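Comments concern the structure below.
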Amino acid sequence: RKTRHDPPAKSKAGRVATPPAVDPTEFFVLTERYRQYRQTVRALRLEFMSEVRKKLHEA
Amino acid sequence: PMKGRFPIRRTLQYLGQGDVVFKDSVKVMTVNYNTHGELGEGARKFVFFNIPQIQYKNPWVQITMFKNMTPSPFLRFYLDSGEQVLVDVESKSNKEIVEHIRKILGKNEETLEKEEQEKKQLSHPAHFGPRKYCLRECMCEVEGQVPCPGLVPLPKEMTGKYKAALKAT
Amino acid sequence: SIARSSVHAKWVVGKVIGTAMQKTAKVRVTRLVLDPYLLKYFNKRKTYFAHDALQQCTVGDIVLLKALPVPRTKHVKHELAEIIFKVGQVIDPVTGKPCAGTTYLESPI
Amino acid sequence: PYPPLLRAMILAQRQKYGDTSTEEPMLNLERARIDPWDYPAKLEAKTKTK
Amino acid sequence: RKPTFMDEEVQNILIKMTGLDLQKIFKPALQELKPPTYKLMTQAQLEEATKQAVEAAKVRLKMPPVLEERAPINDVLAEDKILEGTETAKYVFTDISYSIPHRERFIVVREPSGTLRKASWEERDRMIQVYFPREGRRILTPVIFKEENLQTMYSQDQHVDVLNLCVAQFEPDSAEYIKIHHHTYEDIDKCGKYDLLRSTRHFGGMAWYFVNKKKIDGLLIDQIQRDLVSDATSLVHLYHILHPXXXXXXXXXXXXXXXXXXXXXXXXXXXXXXXXXXXXXXXXXXXXXXXX
Amino acid sequence: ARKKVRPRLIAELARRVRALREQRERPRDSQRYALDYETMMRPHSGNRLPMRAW
Amino acid sequence: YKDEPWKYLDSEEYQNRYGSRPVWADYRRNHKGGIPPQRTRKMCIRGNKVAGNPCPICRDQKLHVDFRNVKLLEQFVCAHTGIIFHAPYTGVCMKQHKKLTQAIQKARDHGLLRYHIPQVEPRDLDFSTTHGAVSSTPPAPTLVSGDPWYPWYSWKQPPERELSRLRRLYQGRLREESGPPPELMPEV
Amino acid sequence: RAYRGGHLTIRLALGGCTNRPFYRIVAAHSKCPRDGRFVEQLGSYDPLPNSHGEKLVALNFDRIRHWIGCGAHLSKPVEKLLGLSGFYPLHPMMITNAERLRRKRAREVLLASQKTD
RNA sequence: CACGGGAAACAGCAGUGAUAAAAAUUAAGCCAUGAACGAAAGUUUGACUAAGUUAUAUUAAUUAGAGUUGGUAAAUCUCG
RNA sequence: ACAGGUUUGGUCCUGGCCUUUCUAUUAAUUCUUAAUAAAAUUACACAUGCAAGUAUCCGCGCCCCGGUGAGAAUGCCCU
Ligand SMILES: [Mg+2]
Ligand SMILES: [Mg+2]
Ligand SMILES: [Mg+2]
Ligand SMILES: [Mg+2]
Ligand SMILES: [Mg+2]
Ligand SMILES: [Mg+2]
Ligand SMILES: [Mg+2]
Ligand SMILES: [Mg+2]
Ligand SMILES: [Mg+2]
Ligand SMILES: [Mg+2]
Ligand SMILES: [Mg+2]
Ligand SMILES: [Mg+2]
Ligand SMILES: [Mg+2]
Ligand SMILES: [Mg+2]
Ligand SMILES: [Mg+2]
Ligand SMILES: [Mg+2]
Ligand SMILES: [Mg+2]
Ligand SMILES: [Mg+2]
Ligand SMILES: [Mg+2]
Ligand SMILES: [Mg+2]
Ligand SMILES: [Zn+2]
Ligand SMILES: [Zn+2]
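Residue numbers (PDB author numbering), protein chains in the order written: chain A, 27 to 85; chain B, 2 to 170; chain C, 2 to 110; chain D, 165 to 214; chain E, 65 to 356; chain F, 2 to 55; chain G, 51 to 238; chain H, 10 to 126.
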């Protein structure tokens, strides 16, 4: 890979990222599916933390 | 080995066969014995045979020996708690010192088998890696799976240049 | 309960080599190390510095060294715990009577 | 509703343990609350709860 | 009633029936040979070494537990039919934790139908062999258990090796285990070859397929052919335990019981061919008349 | 034994140097976040703002 | 001779030539020193040519490599250790070494050729079929009513205010394509 | 080696014989190399279907939930596997890619029936 | 050890002089994985994937050429 | 090492040197194809291209992967 102190390309300069298109149905649907997803997952995570506490402090 | 007058004790086998293992409290061990007498006899025998086995099995434990200081032979033990154990060895047979030391600070054969079991479960059959740590490696090997392309060149389709020559054209 | 010394040294038996510094004993420690070629154990020695409060150690003594929780100097990791054998004066731990070599100076009766 | 394989797991272990109560495996979403991404994050320090 | 192999009656009787032959028990193995070690012994120490050889031969004579046939398990933990559209081949997920008993493991399958189903017994077996490799076990099923190979092997009188094949390769409650076990007992029933497995640990399998299938024929005839009275009487005792209420059982029991009485009565009330059992119980009796 | 004795004096020098020069040359936010509106180009950071932010 | 192996090994030509001794009994390999190159020659038989002093196997073309003959494939495997012989032991070329290995393997696999199979105890120690993994669990309240396992496996068409603000944000870049998910897959 | 930062990450390390890939579920550091050093082996994955047509995955769930229990992050395909397994909820982009495929199947059934005409 | 000084850095991927007994493509994509950001679609990645070049090593056939023939050590005749 | 040749008119003894085994480079002679792997003289100088971006600002990242073995008896192991 590159490094901090390396010079940037001549072809990378005049180019800033052009975003991908958005679709409303799919998008909102996704914000929800994901919202709920990391919801149940951040739940199972705290569950696993309770597990770790249990194993260790019962050790 | 020829030289030495009981070379069988410089064997690797004789070092792993002799059994006493020391607790985690025992750190220093002093052996104080006498040169001249028929009353120090088995002790010198204990030095000349068993100290080898002890020491091998107990590397981090310092063992020392003092000759002809005190008129009668003994063992001294210095533990982590500052507990100083004293084992009087006089007319004792070699084996009696062995098994009495085994008695005082041993480790239950149970404890040993449990510990070694803890270390054997550390080696897992299911994993995959270099031949050093595990058995199987890339699963070129395992039965139902795909034979890896070194041994058995795969069908023409599954090749990358086939998929690219088909995608381009 | 935290008081520790990171040194493997936690307890040692060692001879007293020298008195040459103030309140500090120079102690010879002797371990059995295995030579892998011959399969044979020899005495490898290490010179340890110890702190004595009494300045009590004559040269040639047998001394029990206790680890010090916090190092004093670079070279002082230890404390004289107890004197196991005094040089020229030894009391039998077994019978508690004074001795020189194999000779009881004070016998029973 | 605990995810299918993990549900079968909890059911199997509470079954082998000797507990026959068939009650559903209910998970609590109580502490899982997440702010949406427009929520400004405080830049101060790391809070140490003593 | 509750008769089973692991009951102390069936166990002590199969133990006294099996017999210990230290020659067949401890046999030359085709393993890489090492040089023999020697020692000089007293009489006492020779008897001690004998009792020791017998004591290890006991644990070598340990019988593989017999088990009835498991019932194939199909259960669906979940369904999502949006995942059916993936159109990919089966995913198989296996739980490996060293502590968990292999009966307690979770073997999972996700199909192109996008449903979560539990794997079958043969699939569980071959997965637990892939990820917990065990020696004697072939992940892909052996060609040797085909009937051609099996029969060509039986001609070689190798029955103990096929029985041993099945002990390692498959599982005690599986289908093919009981299949080729009972098939083996069949092909030792047709050739009268029972005495092969005499000193073998597979004897219990013989007596416990044959007391249930209710042909005690060749076993009793080969027991009174070798002039062993106590083994035929103990076999009749077994058919008396696993079948308590029947004509032969309670009649030839309540009437009277001994070697001659119970053996001759369970010879005439066991009707497959009683002529050979009565002719052989006539033969060991005339030869018990001649030698004494 | 294992003993490696060796000084490094300029390992600290560069630290004091970089730190003091850092606090003295620390950019005030006036020129820093200052932006050229036509090119959408930051003179200070050389960082061109994203296409959704114009 | 055709494929049938037992024919020549029972034969009088064989019993005359090799006698009762094994094949390779009289064979000797010729090399640069007292120590033979650590694995023998690749293939002795090439194109139409057989090279020099041929192997015990391939000098006589009446001998066939198959998994059928116990007779031919016996002497190339040790009696007492029951292990195959590497090519330097016997003297056979390596092609035939590999062919013999696969042969003897396919011989032991069909039960034609003996080997040692040890006593191995049963897999499990205790068998309990009673576990919740083996026996069918109590299928969930989400299974009996056929419900998707979570609220979000079912596609919900969003409110129009939310979608029109979602257009209001993305206005220049927006690609708006209706998202109803046709329920059954198949196609040509 | 010694890094500036980074997290414990459960991911897929790629070993391979080139055109027959094989994966190892592995507990590691984020900034260390792909197949490189790791804390503990967790599981494995087999990309190519076998004689019975089965892509094979071995997972250790006790240690998976111990490491996820100690604050580990999971990679995208690790959530594909753990989601499909049922130990986790199905990832949203599985159902999203589902939707994409379903709609492209209807659009191309309509393409097949527009071409047949 | 870089505050400073010489001075203007491929010991990243390609490629090029000089030098050495030592000679891969100034090649294609982020499709798989890992990484960086991201709420998220996703964007980038000479890591990597798939190629391309080489008898440098194994596998396999389509492919026959090299060394040797006093002794150790397999194998020789007539001339010069 | 299962050892072999080689001191003397000759025999032992001591004793090096060499051969027979396996691997890697380069070279000379030859070489049909594909597959798998590995690709390396040179801490000598470097033409041209590219290897760090992402993202509603800020921010996060930018020898992390990757290269090399120059240097240092450096260091493995173990607190
Ligand atoms: Mg500077
Ligand atoms: Mg380069
Ligand atoms: Mg650079
Ligand atoms: Mg050049
Ligand atoms: Mg590029
Ligand atoms: Mg390649
Ligand atoms: Mg070559
Ligand atoms: Mg080759
Ligand atoms: Mg040619
Ligand atoms: Mg010759
Ligand atoms: Mg001379
Ligand atoms: Mg001469
Ligand atoms: Mg002379
Ligand atoms: Mg020479
Ligand atoms: Mg070359
Ligand atoms: Mg090269
Ligand atoms: Mg340079
Ligand atoms: Mg490195
Ligand atoms: Mg390196
Ligand atoms: Mg030095
Ligand atoms: Zn492979
Ligand atoms: Zn040949």
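C-beta atoms are modelled at their ideal positions from N, C-alpha and C, and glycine is treated no differently.
Buried versus exposed, by CB contacts within 10 Å (16 or more), residue i
{"i": "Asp-60(G)", "result": "exposed"}
{"i": "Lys-85(H)", "result": "exposed"}
{"i": "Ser-53(H)", "result": "buried"}
{"i": "residue 26(G)", "result": "Chain G is shown from 51 up to 238; residue 26(G) falls before or after that span and cannot be answered."}
{"i": "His-128(B)", "result": "buried"}
{"i": "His-79(C)", "result": "buried"}
{"i": "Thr-31(B)", "result": "buried"}
{"i": "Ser-263(E)", "result": "buried"}
{"i": "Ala-67(H)", "result": "buried"}
{"i": "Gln-233(E)", "result": "buried"}
{"i": "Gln-146(G)", "result": "buried"}
Cross-chain neighbours of residue i in chain G, by beta carbon under 8 Å
{"i": "residue 128(H)", "result": "The first residue shown for chain H is 10 and the last is 126, placing residue 128(H) beyond what the model contains."}
{"i": "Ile-77(H)", "result": "None at all; the shortest Cβ gap to chain G is about 19 Å."}
Option in the options with minimal Cα separation from residue i
{"i": "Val-48(B)", "options": "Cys-135(B), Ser-82(B) and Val-90(B)", "result": "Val-90(B)"}
{"i": "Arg-77(B)", "options": "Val-13(C), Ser-7(C), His-9(C) and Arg-5(C)", "result": "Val-13(C)"}
{"i": "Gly-38(B)", "options": "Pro-72(B), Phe-67(B), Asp-20(B) and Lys-28(B)", "result": "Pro-72(B)"}
{"i": "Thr-216(E)", "options": "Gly-196(G), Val-184(G) and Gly-161(G)", "result": "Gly-161(G)"}
{"i": "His-52(C)", "options": "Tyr-42(C), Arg-32(C) and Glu-83(C)", "result": "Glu-83(C)"}
{"i": "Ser-92(B)", "options": "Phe-75(B), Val-62(B) and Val-86(B)", "result": "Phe-75(B)"}
{"i": "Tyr-166(D)", "options": "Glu-187(D), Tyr-181(D), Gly-182(D) and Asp-183(D)", "result": "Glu-187(D)"}
{"i": "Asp-62(C)", "options": "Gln-146(B), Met-70(B) and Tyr-15(B)", "result": "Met-70(B)"}
{"i": "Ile-104(H)", "options": "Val-194(G), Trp-202(G), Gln-125(G) and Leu-193(G)", "result": "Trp-202(G)"}
{"i": "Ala-137(G)", "options": "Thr-151(G), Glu-124(G), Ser-70(G) and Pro-232(G)", "result": "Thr-151(G)"}
{"i": "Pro-236(G)", "options": "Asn-106(H), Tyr-12(H), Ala-22(H) and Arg-116(H)", "result": "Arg-116(H)"}
{"i": "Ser-39(H)", "options": "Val-48(H), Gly-92(H) and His-75(H)", "result": "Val-48(H)"}
Residue i: contacting residues in chain H (beta-carbon distance under 7 Å)
{"i": "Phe-157(E)", "result": "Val-66, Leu-68 and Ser-94"}
Neighbouring residues, chain B, relative to residue i (Cβ below 8 Å)
{"i": "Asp-93(C)", "result": "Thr-71, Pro-72 and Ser-73"}
{"i": "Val-14(C)", "result": "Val-29, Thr-31, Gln-63, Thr-65 and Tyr-79"}
Interface partners of residue i on chain E, CB under 8 Å
{"i": "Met-173(D)", "result": "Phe-170"}
9 Å Cβ cut-off: residues of chain G touching residue i
{"i": "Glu-188(D)", "result": "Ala-190 and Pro-191"}
Ligand 22 heavy atom lying under 8 Å from the CB of residue i
{"i": "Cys-94(G)", "result": "yes"}
{"i": "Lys-145(G)", "result": "yes"}
Cβ-heavy atom distance, residue i to ligand 6, below 8 Å
{"i": "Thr-27(H)", "result": "yes"}
Contacts that residue i makes with chain E (C-beta to C-beta distance below 7 Å)
{"i": "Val-153(B)", "result": "Neighbours of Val-153(B) on chain E: none; closest Cβ ~15 Å, over 7 Å."}
Cβ-heavy atom distance, residue i to ligand 21, below 8 Å
{"i": "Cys-135(B)", "result": "no"}
Proximal chain D residues relative to residue i, where beta-carbon distance stays under 7 Å
{"i": "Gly-182(G)", "result": "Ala-172, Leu-175, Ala-176, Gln-179 and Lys-180"}
Item checked: Chain-ordered residues of the stretch 159-183 of chain E with a beta carbon less than 8 Å from chain G -> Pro-165, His-166, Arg-167, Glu-168, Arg-169, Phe-170, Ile-171 and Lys-182
Checklist line | Residues of the stretch 35-54 of chain F whose Cβ lies closer than 7 Å to any Cβ of chain A, in chain order | finding: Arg-49, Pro-51, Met-52 and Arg-53
Item checked: Under 8 Å (Cβ pairs) to chain G, residues found in the stretch 73-91 of chain E -> Residues: none.
Notebook entry, point to check: Going along the chain, which residues of the stretch 32-51 of chain C sit with their C-beta nearer than 8 Å to a C-beta in chain B?
Noted result: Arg-32, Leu-33, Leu-35, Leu-39, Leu-40, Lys-41 and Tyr-42
Check: At a Cβ cut of 9 Å, what residues of the stretch 109-126 of chain B count as close to chain E, listed as they run along the chain?
Finding: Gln-122, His-125 and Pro-126
Margin query: If the cut-off is 9 Å on Cβ atoms, which residues from the stretch 22-35 of chain H count as contacting chain B, listed in chain order?
Written below: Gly-24, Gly-25, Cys-26, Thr-27, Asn-28, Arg-29, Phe-31 and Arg-33
Next item on the list: Closer than 9 Å, Cβ to Cβ, to anything on chain A: give me those residues from the stretch 100-125 of chain H, in chain order.
Entry: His-100, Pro-101, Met-102, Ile-104, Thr-105, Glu-108 and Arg-109
Item checked: Members of the stretch 65-84 of chain A that neighbour chain D once the beta carbon cut-off is set at 9 Å -> Cβ contacts with chain D: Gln-65, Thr-66, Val-67, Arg-68, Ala-69, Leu-70, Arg-71, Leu-72 and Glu-73.
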